[PDB]
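Student: Supplied in structure tokens, the structure appears directly below.
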Amino acid sequence: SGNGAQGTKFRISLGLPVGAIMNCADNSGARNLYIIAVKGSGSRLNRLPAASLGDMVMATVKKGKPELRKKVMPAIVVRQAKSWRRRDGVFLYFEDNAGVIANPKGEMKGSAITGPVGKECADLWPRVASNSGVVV
Amino acid sequence: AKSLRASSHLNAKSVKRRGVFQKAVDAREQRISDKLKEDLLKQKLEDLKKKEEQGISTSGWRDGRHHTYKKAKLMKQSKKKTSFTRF
Amino acid sequence: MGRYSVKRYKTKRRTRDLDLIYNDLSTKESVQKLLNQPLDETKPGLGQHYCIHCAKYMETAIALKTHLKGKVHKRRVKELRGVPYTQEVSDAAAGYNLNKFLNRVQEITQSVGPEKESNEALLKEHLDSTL
Amino acid sequence: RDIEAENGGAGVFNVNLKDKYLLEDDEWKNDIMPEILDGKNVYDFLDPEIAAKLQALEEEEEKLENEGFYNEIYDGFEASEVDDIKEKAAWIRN
Amino acid sequence: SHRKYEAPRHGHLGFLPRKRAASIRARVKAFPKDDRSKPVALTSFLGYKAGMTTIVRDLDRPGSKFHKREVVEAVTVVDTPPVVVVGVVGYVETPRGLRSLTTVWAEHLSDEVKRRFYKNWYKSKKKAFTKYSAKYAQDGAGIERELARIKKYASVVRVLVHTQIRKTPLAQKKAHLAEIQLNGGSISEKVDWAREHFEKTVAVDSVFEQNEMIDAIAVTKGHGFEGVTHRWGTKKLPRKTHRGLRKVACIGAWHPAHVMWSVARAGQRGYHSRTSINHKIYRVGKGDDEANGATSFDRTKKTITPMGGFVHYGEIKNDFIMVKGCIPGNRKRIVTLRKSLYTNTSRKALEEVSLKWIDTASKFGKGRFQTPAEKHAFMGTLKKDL
Amino acid sequence: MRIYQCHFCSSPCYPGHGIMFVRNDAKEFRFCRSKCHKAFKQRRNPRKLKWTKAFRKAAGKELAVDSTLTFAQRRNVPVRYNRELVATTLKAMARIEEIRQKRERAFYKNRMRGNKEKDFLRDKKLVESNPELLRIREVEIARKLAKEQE
RNA sequence: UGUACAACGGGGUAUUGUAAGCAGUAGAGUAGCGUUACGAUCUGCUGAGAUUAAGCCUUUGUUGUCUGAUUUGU
RNA sequence: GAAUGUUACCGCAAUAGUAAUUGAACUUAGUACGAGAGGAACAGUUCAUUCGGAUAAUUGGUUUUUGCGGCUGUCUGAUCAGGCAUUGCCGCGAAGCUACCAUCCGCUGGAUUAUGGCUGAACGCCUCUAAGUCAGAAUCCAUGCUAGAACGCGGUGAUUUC
RNA sequence: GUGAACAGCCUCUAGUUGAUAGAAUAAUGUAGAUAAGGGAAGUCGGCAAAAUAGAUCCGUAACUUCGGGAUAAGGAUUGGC
Ligand SMILES: [Mg+2]
Ligand SMILES: [Mg+2]
Ligand SMILES: [Mg+2]
Ligand SMILES: [Mg+2]
Ligand SMILES: [Mg+2]
Ligand SMILES: [Mg+2]
Ligand SMILES: [Mg+2]
Ligand SMILES: [Mg+2]
Ligand SMILES: [Mg+2]
Ligand SMILES: [Mg+2]
Ligand SMILES: [Mg+2]
Ligand SMILES: [Zn+2]
Ligand SMILES: [Zn+2]
């Protein structure tokens, strides 16, 4: 379930297939992230790899700093607009899809995250929880 | 990964199975048997309360009907030559 | 369910909420910040000509003036009049945190309300003078 | 960890969190706290001196009952006459 | 030549043929292994599937992310009134398998189980077992001889029971009759148990208890004739493909000059016999309990029946079994509940279930209230109430 | 485990029911039904939709301020568990609900007084304004009574 | 010829969103002489009114129905 | 689906098919090992990938329920109540169907391969092999699952008054 | 009548009510629709659908044979009383 993730992950509804564009919620200068791959994705004919909340993806920066663009970096999904079920008994969703730029060990490039962060992602990644100001 | 038919996993499963899982199964079986006996006793008590207001050789053939039917069947099989064991 | 409502009120095409706009209009500092915006190349009109009530950018001051002389803007202004209807109102209607709802209502009636009205009046006269 | 290892081990031992409760009575540690009652949450009704508050409510209710909070003929008309009027109006509407 | 990209085949070849089941009551193909040391016990039970609802469970599972937390789970309700013991069958072992040697019936049978022997009950003279009942006279010779034969020769003992379908809300009056294997002491002990239990009822809590894993055996819901796309899960062909897109494009391109049995074809979907295993019993509810839908956390005096009743079924007025998840079959279908064939070695088989809440909102719509009293309390006074 | 109130219509939201939406300012919006959720997405006004508790309270259809309505509020300062306090709370909740129902009934009766007077005046005016149909009614009743007599 | 069956009716359970009719002093104004006339709309009677098995649950009510044809033997 | 007296209920199982798969996590443990840098596994536990079989409590989708409400144009003198617009259009919408867009479930006995052995000749040494024999792979045959020979079978009930 | 309009839709005069029918509502079709999240990852190829659309006002680039391009583009609005 990825390197740097703390523990196991239970299944979440998949919202972001390959080719999706999500907002960047950190302060590293990127404006949006373009998903090109999903870490830990399965193998099945014709099936697109898809990401969910708390998943690590490989993303290129489409809008942002010119020095920041034209390279592939790991990212962690912190918000999705597709509704998913919490085991406490409610389906819930956010307004947008959003992620943060991280390293293969799961450490944030930026120093803070703007906007709410999903509880699943915050509990899975200790550095996201350290940099998060709003957790749900 | 180790398959469902993996020998060492099955051996470890048997070692675990002989212990607490079998003990819990035995305790549940004893409780269920006690409840079944209680249910039979309660039905007996209700039947007694209802009646308060109101008040070996196994050889040979089973019966004559069975004797007649089986003898006719064997005679028919012999006549039509459709027997499995007898020429 | 139908296509018109689906493609207007998709989650990715959502607009700013009325209680957020009311909070923006309540304080004079927020109104000043929204009137004096930094130049953004990604916004219509370089981030200028922003209607606070409708939370909408215009490409030009003449477009902002035509928007102000319209029924859609009047509809939003009429919507932004009374209590903002937060979750406390629904809780009080169900019978939950009634005293908190009453305190919020009297605070809106006494302090937040007239200040927001005066800020709206100053914004209206500023827009009329500059446009 | 010694208790866990002697009982079940890691991932098998089920610790009782209520053993550390500092209550008035130790018999209350293994008590199930109710949460729902007839569509209401118990926790937002739970409060000390709720007995005194309910007593004040009961006094107010008795005052209302004494005041009379919970408790066919018109000017120039009798009961039979108004029944006849109602019956004829129902006939006319039908 | 070889296929360029590997992919698993569509469908399971072990569930063939996908034909309609022979009977609406699914057959029990295997019973648990008999242990002669254990006391006498039934190996299965009969119920009627009523519907599904929702629970909240306080989870105690060490090592889990949801340890010491609440989870919302779906459960299935099976109406299980007591069954009636009406017969016993003895089975001997032969080089050709198990063979039934003889069957002994009880003296008195009810009309519920007599209707199982008739296609036209209202026109019949109702003569079934009327001469068999005469063999119980003058000390029951014949009956005793057949019981002695079962004691002497049988290696397997099964008890014939029938459902009390009059206690359910079902419109059907004909009862269901089935064989349940007896696992317990010696053959003589099994025969004595069956004889003493003739014309007696067995309740579901004298077969199962809470926190036990059971198996559900039933015929699935029928769907009629179906195309390959939904029968086997094949991919749809592109838009406006000639002769249809809900097909397999090429059913054969290779030498055998036949259609292979392993190629997806259109046909019957549903109404198949299925046996699913390891369903945990969440509650064994008693029908005479006024609050069998209440928990220690939820103090509302209510039964298991939702507002308006179960859709297409009705109320639950008897004992019931609440198991988690889903089981094959649809509402009001007869189901067989079987004991586990092995000693399960998972911790979920040893977990103790504590329920915090049981959903009783209406299943006939977006139900918002658990009780009619709650609905009246929320809405207030209506025009017709004054 | 908790019963929530719908953001749109104040109906109870039981576990596993409805849907929640989280905004950018960490505000949760719970809806008991897809109906309320879609109304919120369309940005309709629950104080303008008549089937909502917000509208009913605003318009005075049911009582909104009472002593029995001040016993429920969010408790942000917990108290230590006490068995007798729990029992007292469990009895008090039933008593409070019974009293609140009595007062709601009284409020509705006070709101609906005068309907009998209005209906009687309408019936009297109709009877005064329709003389010919009353004559037809009298003829029909007299013929029926004659038929019963003979 | 009955915990009989059916067609209606009743009660629940749901869906929508406040029926027709009447009234008001609420209604931007305008016209004639404070009043009257017109007036989108608003408010009250009114969670009203309508629908609810056709594959929902239930039923002390009303009205009826219970019958023809074919074949089968060791 | 005819036929072997008729009719009904409960069963047996020849044969045919067969199904599960992979990764990660806690603990073992910063332990064995190691100047260091680094760093395992068995036993005990928890999730997930792919596949398969179901299921509709909840969420989402779907609407001729033409169920409720609304809109444009026209028509029935107006109100009311309605017609038509090739399902007129818009919002909600039960029931049903359905989704890795929802939820649940998917095992355990014998015999073996490579290989490691025991006893032991051939060959007065020796040798796992010659006779004999112990273990051992996701393998094989079974257990379990699906169908049930329409010319395989058993047990049991009733068997006609013109 | 609506409407710029011999457009589309509804109606009066006049004229038709013709085209084998009945019962059910499986698969596959022919014709027509809707769909969460993503948005061409599909495909040889955005094929097909979707999106745009009337009218009023603001505004409108390169190039040019100076006539055009042009409804360029891009914006604000529309009911009733
Ligand atoms: Mg492909
Ligand atoms: Mg499926
Ligand atoms: Mg339902
Ligand atoms: Mg291990
Ligand atoms: Mg019209
Ligand atoms: Mg040797
Ligand atoms: Mg056969
Ligand atoms: Mg879509
Ligand atoms: Mg491509
Ligand atoms: Mg491709
Ligand atoms: Mg051009
Ligand atoms: Zn505006
Ligand atoms: Zn709601």
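Labels for the structure tokens follow display order: chains A, B, ..., residues from 1 in each chain, ligands from 1.
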Residues contacting ligand 2 - anything with an atom at most 10 Å away, using only C-alpha atoms (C1' of nucleotides) and all ligand atoms - can you give me those as a PDB file with N, CA and C atoms (P, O5', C5', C4', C3', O3' and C1' of nucleotides), in the first residue's frame?
Tutor:
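Written output follows (result.pdb):
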ATOM      1  N   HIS E 230     -24.708  -9.612 -19.977  1.00  0.00           N
ATOM      2  CA  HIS E 230     -25.039  -9.668 -18.563  1.00  0.00           C
ATOM      3  C   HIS E 230     -25.035 -11.084 -18.005  1.00  0.00           C
ATOM      4  N   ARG E 231     -25.096 -12.107 -18.861  1.00  0.00           N
ATOM      5  CA  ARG E 231     -25.005 -13.476 -18.369  1.00  0.00           C
ATOM      6  C   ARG E 231     -23.577 -13.855 -17.994  1.00  0.00           C
ATOM      7  N   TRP E 232     -22.580 -13.338 -18.715  1.00  0.00           N
ATOM      8  CA  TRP E 232     -21.196 -13.730 -18.502  1.00  0.00           C
ATOM      9  C   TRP E 232     -20.244 -12.574 -18.234  1.00  0.00           C
ATOM     10  N   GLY E 233     -20.678 -11.327 -18.387  1.00  0.00           N
ATOM     11  CA  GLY E 233     -19.799 -10.203 -18.140  1.00  0.00           C
ATOM     12  C   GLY E 233     -18.892  -9.821 -19.287  1.00  0.00           C
TER      13      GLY E 233
ATOM     14  P     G H  53     -19.470 -16.075 -12.176  1.00  0.00           P
ATOM     15  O5'   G H  53     -20.319 -16.375 -10.864  1.00  0.00           O
ATOM     16  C5'   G H  53     -20.397 -17.687 -10.329  1.00  0.00           C
ATOM     17  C4'   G H  53     -21.018 -17.686  -8.956  1.00  0.00           C
ATOM     18  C3'   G H  53     -22.263 -16.837  -8.795  1.00  0.00           C
ATOM     19  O3'   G H  53     -23.421 -17.454  -9.319  1.00  0.00           O
ATOM     20  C1'   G H  53     -20.820 -16.467  -6.964  1.00  0.00           C
ATOM     21  P     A H  54     -24.696 -16.564  -9.711  1.00  0.00           P
ATOM     22  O5'   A H  54     -25.547 -16.539  -8.368  1.00  0.00           O
ATOM     23  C5'   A H  54     -26.182 -15.352  -7.926  1.00  0.00           C
ATOM     24  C4'   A H  54     -26.017 -15.162  -6.439  1.00  0.00           C
ATOM     25  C3'   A H  54     -26.884 -14.077  -5.824  1.00  0.00           C
ATOM     26  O3'   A H  54     -28.174 -14.565  -5.501  1.00  0.00           O
ATOM     27  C1'   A H  54     -24.644 -13.826  -5.088  1.00  0.00           C
ATOM     28  P     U H  55     -29.484 -13.716  -5.862  1.00  0.00           P
ATOM     29  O5'   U H  55     -29.417 -12.477  -4.869  1.00  0.00           O
ATOM     30  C5'   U H  55     -29.438 -12.673  -3.466  1.00  0.00           C
ATOM     31  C4'   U H  55     -29.046 -11.415  -2.737  1.00  0.00           C
ATOM     32  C3'   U H  55     -29.837 -10.170  -3.100  1.00  0.00           C
ATOM     33  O3'   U H  55     -31.065 -10.097  -2.397  1.00  0.00           O
ATOM     34  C1'   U H  55     -27.521  -9.672  -3.056  1.00  0.00           C
ATOM     35  P     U H  98     -31.136  -7.077 -11.657  1.00  0.00           P
ATOM     36  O5'   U H  98     -30.108  -5.860 -11.630  1.00  0.00           O
ATOM     37  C5'   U H  98     -29.474  -5.413 -12.819  1.00  0.00           C
ATOM     38  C4'   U H  98     -28.859  -4.044 -12.656  1.00  0.00           C
ATOM     39  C3'   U H  98     -27.598  -3.966 -11.813  1.00  0.00           C
ATOM     40  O3'   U H  98     -26.447  -4.350 -12.545  1.00  0.00           O
ATOM     41  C1'   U H  98     -29.069  -2.182 -11.257  1.00  0.00           C
ATOM     42  P     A H  99     -25.185  -5.017 -11.813  1.00  0.00           P
ATOM     43  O5'   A H  99     -24.264  -3.779 -11.423  1.00  0.00           O
ATOM     44  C5'   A H  99     -23.581  -3.018 -12.411  1.00  0.00           C
ATOM     45  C4'   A H  99     -22.765  -1.919 -11.778  1.00  0.00           C
ATOM     46  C3'   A H  99     -21.900  -2.344 -10.598  1.00  0.00           C
ATOM     47  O3'   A H  99     -20.639  -2.835 -11.011  1.00  0.00           O
ATOM     48  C1'   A H  99     -23.164  -0.432 -10.007  1.00  0.00           C
TER      49        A H  99
END
Student: Using only C-alpha atoms (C1' of nucleotides) and all ligand atoms, which residues of the polymer chains come no farther than 12 Å from ligand 6? I'd like the answer as a list in words.
Tutor: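 Going residue by residue within 12 Å of ligand 6, we get residues 117, 118, 119, 120, 121, 126, 127, 128 and 129 of chain H.
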Student: Excluding residue F:84 and its own-chain neighbours fewer than 5 positions away, which residues fall within 12 Å of it when counting only C-alpha atoms (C1' of nucleotides)? Please give them as a list in words.
Tutor: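 After dropping sequence-adjacent residues, the list is residues 24, 25, 28, 31, 33, 46, 47, 48, 49, 50 and 51 of chain D; 89, 90 and 91 of chain F.
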Student: Write out as a list in words the residues lying within 12 Å of residue E:130, counting only C-alpha atoms (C1' of nucleotides) and excluding same-chain residues fewer than 5 positions away.
Tutor: residues 105, 106, 107, 108, 109, 110, 114, 125, 135 and 136 of chain E; 157 and 158 of chain H
Student: Kindly provide the residues of chain D that approach chain F to within 10 Å, each paired with its closest atom pair and their distance in Å to one decimal, based on only C-alpha atoms, listed by chain and increasing number, as a tab-separated table.
Tutor:
residue	atom	partner	partner_atom	distance
D:21	CA	F:81	CA	9.4
D:22	CA	F:80	CA	8.7
D:23	CA	F:81	CA	7.0
D:24	CA	F:82	CA	7.7
D:25	CA	F:82	CA	8.7
D:27	CA	F:83	CA	10.0
D:28	CA	F:83	CA	7.1
D:29	CA	F:81	CA	9.0
D:31	CA	F:83	CA	8.2
D:32	CA	F:83	CA	9.8
D:33	CA	F:86	CA	8.0
D:34	CA	F:86	CA	8.2
D:35	CA	F:1	CA	7.3
D:36	CA	F:2	CA	7.7
D:37	CA	F:90	CA	7.8
D:38	CA	F:94	CA	8.6
D:39	CA	F:3	CA	7.4
D:40	CA	F:3	CA	7.1
D:41	CA	F:3	CA	6.4
D:42	CA	F:90	CA	7.5
D:43	CA	F:75	CA	7.3
D:44	CA	F:72	CA	5.3
D:45	CA	F:72	CA	5.4
D:46	CA	F:89	CA	5.9
D:47	CA	F:89	CA	7.6
D:48	CA	F:85	CA	7.2
D:49	CA	F:85	CA	9.0
D:50	CA	F:89	CA	7.1
D:51	CA	F:88	CA	7.1
D:53	CA	F:71	CA	8.8
D:54	CA	F:92	CA	6.8
D:55	CA	F:92	CA	9.8
D:56	CA	F:67	CA	9.6
D:57	CA	F:67	CA	7.2
D:58	CA	F:99	CA	8.9
D:60	CA	F:67	CA	9.1
D:61	CA	F:99	CA	7.9
D:69	CA	F:106	CA	7.5
D:70	CA	F:106	CA	6.3
D:71	CA	F:106	CA	8.7
D:72	CA	F:116	CA	8.4
D:73	CA	F:117	CA	9.7
D:74	CA	F:117	CA	8.5
D:82	CA	F:120	CA	7.7
D:83	CA	F:120	CA	9.6
D:85	CA	F:124	CA	6.3
D:86	CA	F:123	CA	6.0
D:87	CA	F:123	CA	8.9
D:88	CA	F:127	CA	6.8
D:89	CA	F:123	CA	5.3
D:90	CA	F:123	CA	8.0
D:91	CA	F:137	CA	8.1
D:92	CA	F:133	CA	7.0
D:93	CA	F:126	CA	8.8
Student: Please give the complete set of residues from chain A that DSSP, run on the backbone, assigns to strand (DSSP E), formatted as a ChimeraX atom specification.
Tutor: /A:16-17,21-24,32-38,50-51,56-61,72-79,84-86,90-93,98-101
Student: For C-alpha atoms, I'd like the residues from the last selection saved as a tab-separated table (two decimals), in the first residue's frame.
Tutor:
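Final file, result24.tsv:
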chain	number	residue	atom	x	y	z
A	16	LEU	CA	-9.56	9.86	-10.37
A	17	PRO	CA	-8.54	7.71	-13.36
A	21	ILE	CA	-6.47	16.90	-13.33
A	22	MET	CA	-6.80	17.90	-9.68
A	23	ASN	CA	-6.01	21.05	-7.72
A	24	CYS	CA	-2.79	21.40	-5.72
A	32	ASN	CA	-2.83	21.75	-10.65
A	33	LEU	CA	-1.56	18.18	-10.94
A	34	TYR	CA	-2.10	15.91	-13.95
A	35	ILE	CA	-2.30	12.23	-13.02
A	36	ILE	CA	-0.26	9.87	-15.20
A	37	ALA	CA	-0.10	6.74	-13.00
A	38	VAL	CA	-1.39	5.25	-9.74
A	50	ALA	CA	-7.68	4.95	-10.90
A	51	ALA	CA	-6.87	6.80	-7.70
A	56	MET	CA	-0.15	8.04	-4.10
A	57	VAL	CA	0.01	8.96	-7.79
A	58	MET	CA	2.65	10.11	-10.25
A	59	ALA	CA	1.74	13.59	-11.46
A	60	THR	CA	3.04	16.30	-13.76
A	61	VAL	CA	2.41	19.97	-13.01
A	72	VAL	CA	7.07	13.73	-12.85
A	73	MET	CA	6.69	13.80	-9.07
A	74	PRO	CA	4.83	11.74	-6.47
A	75	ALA	CA	1.60	13.17	-5.09
A	76	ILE	CA	-0.96	12.17	-2.46
A	77	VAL	CA	-4.70	12.61	-3.02
A	78	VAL	CA	-6.29	14.55	-0.16
A	79	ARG	CA	-9.73	15.48	-1.58
A	84	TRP	CA	-17.35	7.38	-0.66
A	85	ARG	CA	-18.72	5.53	2.36
A	86	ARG	CA	-17.34	5.97	5.86
A	90	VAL	CA	-22.50	8.09	5.91
A	91	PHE	CA	-21.56	8.66	2.29
A	92	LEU	CA	-19.64	11.89	1.80
A	93	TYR	CA	-17.81	13.91	-0.84
A	98	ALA	CA	-7.07	17.92	-4.75
A	99	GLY	CA	-3.65	16.56	-3.90
A	100	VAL	CA	-0.26	17.51	-2.50
A	101	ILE	CA	3.25	16.95	-3.82
Student: Taking 5 positions as the minimum chain separation for residues in the same chain, which residues sit within 8 Å of stretch 54-66 of chain I when counting only C-alpha atoms (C1' of nucleotides)? Answer as a PyMOL selection string.
Tutor: (chain C and resi 62-63) or (chain I and resi 72-77)
Student: Take the selection from the previous step and output its residues with N, CA and C atoms (P, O5', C5', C4', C3', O3' and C1' of nucleotides), as a PDB file, in the first residue's frame.
Tutor:
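This went into selection.pdb:
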ATOM      1  N   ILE C  62     -17.899  48.658 -17.847  1.00  0.00           N
ATOM      2  CA  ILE C  62     -19.206  48.805 -18.482  1.00  0.00           C
ATOM      3  C   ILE C  62     -20.032  47.534 -18.302  1.00  0.00           C
ATOM      4  N   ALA C  63     -19.382  46.367 -18.364  1.00  0.00           N
ATOM      5  CA  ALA C  63     -20.076  45.113 -18.091  1.00  0.00           C
ATOM      6  C   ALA C  63     -20.544  45.049 -16.643  1.00  0.00           C
TER       7      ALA C  63
ATOM      8  P     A I  72     -19.465  40.314 -35.522  1.00  0.00           P
ATOM      9  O5'   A I  72     -18.046  39.631 -35.748  1.00  0.00           O
ATOM     10  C5'   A I  72     -17.580  38.615 -34.876  1.00  0.00           C
ATOM     11  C4'   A I  72     -16.795  37.566 -35.618  1.00  0.00           C
ATOM     12  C3'   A I  72     -16.318  36.393 -34.782  1.00  0.00           C
ATOM     13  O3'   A I  72     -17.317  35.410 -34.575  1.00  0.00           O
ATOM     14  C1'   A I  72     -14.523  37.202 -36.074  1.00  0.00           C
ATOM     15  P     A I  73     -17.934  35.162 -33.112  1.00  0.00           P
ATOM     16  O5'   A I  73     -16.665  35.052 -32.158  1.00  0.00           O
ATOM     17  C5'   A I  73     -15.739  33.981 -32.272  1.00  0.00           C
ATOM     18  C4'   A I  73     -14.425  34.335 -31.626  1.00  0.00           C
ATOM     19  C3'   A I  73     -14.458  34.507 -30.118  1.00  0.00           C
ATOM     20  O3'   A I  73     -14.432  33.279 -29.415  1.00  0.00           O
ATOM     21  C1'   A I  73     -13.282  36.308 -31.079  1.00  0.00           C
ATOM     22  P     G I  74     -15.617  32.907 -28.395  1.00  0.00           P
ATOM     23  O5'   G I  74     -15.498  33.998 -27.240  1.00  0.00           O
ATOM     24  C5'   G I  74     -14.280  34.202 -26.542  1.00  0.00           C
ATOM     25  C4'   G I  74     -14.277  35.514 -25.797  1.00  0.00           C
ATOM     26  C3'   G I  74     -15.442  35.749 -24.854  1.00  0.00           C
ATOM     27  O3'   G I  74     -15.311  35.058 -23.626  1.00  0.00           O
ATOM     28  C1'   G I  74     -15.068  37.697 -26.130  1.00  0.00           C
ATOM     29  P     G I  75     -16.617  34.737 -22.750  1.00  0.00           P
ATOM     30  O5'   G I  75     -16.875  36.089 -21.953  1.00  0.00           O
ATOM     31  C5'   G I  75     -18.176  36.428 -21.512  1.00  0.00           C
ATOM     32  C4'   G I  75     -18.332  37.915 -21.326  1.00  0.00           C
ATOM     33  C3'   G I  75     -19.706  38.366 -20.864  1.00  0.00           C
ATOM     34  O3'   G I  75     -19.883  38.231 -19.467  1.00  0.00           O
ATOM     35  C1'   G I  75     -19.019  39.699 -22.684  1.00  0.00           C
ATOM     36  P     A I  76     -21.183  37.487 -18.894  1.00  0.00           P
ATOM     37  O5'   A I  76     -22.273  38.641 -18.807  1.00  0.00           O
ATOM     38  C5'   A I  76     -22.042  39.808 -18.034  1.00  0.00           C
ATOM     39  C4'   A I  76     -23.109  40.844 -18.284  1.00  0.00           C
ATOM     40  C3'   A I  76     -24.541  40.332 -18.299  1.00  0.00           C
ATOM     41  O3'   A I  76     -25.094  40.157 -17.006  1.00  0.00           O
ATOM     42  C1'   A I  76     -24.191  41.709 -20.175  1.00  0.00           C
ATOM     43  P     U I  77     -26.111  38.946 -16.729  1.00  0.00           P
ATOM     44  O5'   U I  77     -27.404  39.313 -17.586  1.00  0.00           O
ATOM     45  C5'   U I  77     -28.216  40.422 -17.233  1.00  0.00           C
ATOM     46  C4'   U I  77     -29.130  40.852 -18.357  1.00  0.00           C
ATOM     47  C3'   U I  77     -30.360  39.996 -18.607  1.00  0.00           C
ATOM     48  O3'   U I  77     -31.404  40.270 -17.687  1.00  0.00           O
ATOM     49  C1'   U I  77     -29.357  40.627 -20.669  1.00  0.00           C
TER      50        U I  77
END
Student: Based on only C-alpha atoms, which of the residues in chain E come within 12 Å of chain C? I want them as a ChimeraX atom specification.
Tutor: /E:377-380
Student: Counting only C-alpha atoms (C1' of nucleotides), collect the residues of chain E whose closest atom lies at most 6 Å from chain H, and write them out as a list in words.
Tutor: residues 14, 15, 16, 52, 53, 54, 63, 64, 74, 98, 99, 100, 102, 117, 128, 129, 325, 326, 328 and 365 of chain E
Student: Would you output that residue set with N, CA and C atoms, as a short mmCIF file (atom, residue, chain, number, x, y, z; two decimals), in the first residue's frame?
Tutor:
data_model
loop_
_atom_site.label_atom_id
_atom_site.label_comp_id
_atom_site.auth_asym_id
_atom_site.auth_seq_id
_atom_site.Cartn_x
_atom_site.Cartn_y
_atom_site.Cartn_z
N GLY E 14 -17.22 -24.16 -13.28
CA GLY E 14 -17.72 -25.12 -12.31
C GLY E 14 -19.17 -24.96 -11.92
N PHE E 15 -19.82 -23.87 -12.33
CA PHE E 15 -21.23 -23.65 -12.06
C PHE E 15 -22.11 -23.97 -13.27
N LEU E 16 -21.61 -24.75 -14.19
CA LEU E 16 -22.31 -25.21 -15.38
C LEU E 16 -23.09 -26.49 -15.08
N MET E 52 -34.10 -7.44 4.26
CA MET E 52 -32.83 -6.95 4.77
C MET E 52 -33.05 -5.65 5.53
N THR E 53 -32.11 -5.34 6.42
CA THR E 53 -32.11 -4.07 7.14
C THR E 53 -30.67 -3.73 7.51
N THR E 54 -30.50 -2.76 8.40
CA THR E 54 -29.20 -2.21 8.74
C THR E 54 -29.00 -2.25 10.25
N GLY E 63 -6.08 -5.85 16.20
CA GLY E 63 -5.30 -5.77 14.98
C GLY E 63 -5.97 -5.06 13.83
N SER E 64 -7.25 -4.72 13.95
CA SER E 64 -8.00 -4.08 12.88
C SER E 64 -8.00 -2.57 13.04
N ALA E 74 -24.94 -4.41 6.79
CA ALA E 74 -26.21 -4.90 6.30
C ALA E 74 -26.45 -6.32 6.79
N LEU E 98 -25.07 -44.67 -0.57
CA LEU E 98 -26.09 -44.70 0.47
C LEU E 98 -27.44 -45.08 -0.12
N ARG E 99 -28.14 -45.98 0.55
CA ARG E 99 -29.46 -46.41 0.12
C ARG E 99 -30.42 -46.31 1.29
N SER E 100 -31.59 -45.73 1.04
CA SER E 100 -32.62 -45.67 2.07
C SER E 100 -33.23 -47.05 2.27
N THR E 102 -35.65 -47.87 5.13
CA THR E 102 -37.06 -47.72 5.49
C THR E 102 -37.30 -46.37 6.14
N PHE E 117 -48.65 -33.49 -0.43
CA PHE E 117 -48.85 -34.69 -1.23
C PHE E 117 -49.94 -34.54 -2.29
N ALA E 128 -54.64 -39.31 2.46
CA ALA E 128 -53.23 -39.61 2.66
C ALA E 128 -52.96 -40.01 4.11
N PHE E 129 -52.22 -41.12 4.28
CA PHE E 129 -51.81 -41.71 5.55
C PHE E 129 -52.96 -42.24 6.40
N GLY E 325 -24.75 -9.52 6.13
CA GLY E 325 -24.54 -9.63 4.70
C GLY E 325 -25.80 -10.05 3.96
N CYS E 326 -25.59 -10.78 2.87
CA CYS E 326 -26.67 -11.22 2.01
C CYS E 326 -26.56 -12.72 1.78
N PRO E 328 -28.26 -16.07 -0.86
CA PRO E 328 -28.96 -16.28 -2.13
C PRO E 328 -30.46 -16.44 -1.93
N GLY E 365 -39.90 3.36 1.12
CA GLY E 365 -39.52 4.66 0.63
C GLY E 365 -38.30 5.14 1.38
#
Student: Per DSSP on the backbone, what are the alpha helix (DSSP H) residues of stretch 84-132 of chain A, as a PyMOL selection string?
Tutor: chain A and resi 119-124+126-131
Student: Grab me every residue within 10 Å of ligand 5, counting only C-alpha atoms (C1' of nucleotides) and all ligand atoms, and send it over as a list in words.
Tutor: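 Written in the requested form, the residues are residues 71, 72, 73, 74, 75, 82, 83 and 84 of chain H.
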Student: Sorted by chain and rising residue number, list the residues of chain I at most 9 Å from ligand 9 (counting only C-alpha atoms (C1' of nucleotides) and all ligand atoms), each with its closest atom pair and distance in Å to one decimal, as JSON lines.
Tutor:
{"residue": "I:40", "atom": "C1'", "partner": "ligand 9", "partner_atom_place_in_ligand_line": "1 (Mg)", "distance": 7.0}
{"residue": "I:41", "atom": "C1'", "partner": "ligand 9", "partner_atom_place_in_ligand_line": "1 (Mg)", "distance": 7.0}
{"residue": "I:42", "atom": "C1'", "partner": "ligand 9", "partner_atom_place_in_ligand_line": "1 (Mg)", "distance": 7.1}
{"residue": "I:43", "atom": "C1'", "partner": "ligand 9", "partner_atom_place_in_ligand_line": "1 (Mg)", "distance": 7.5}
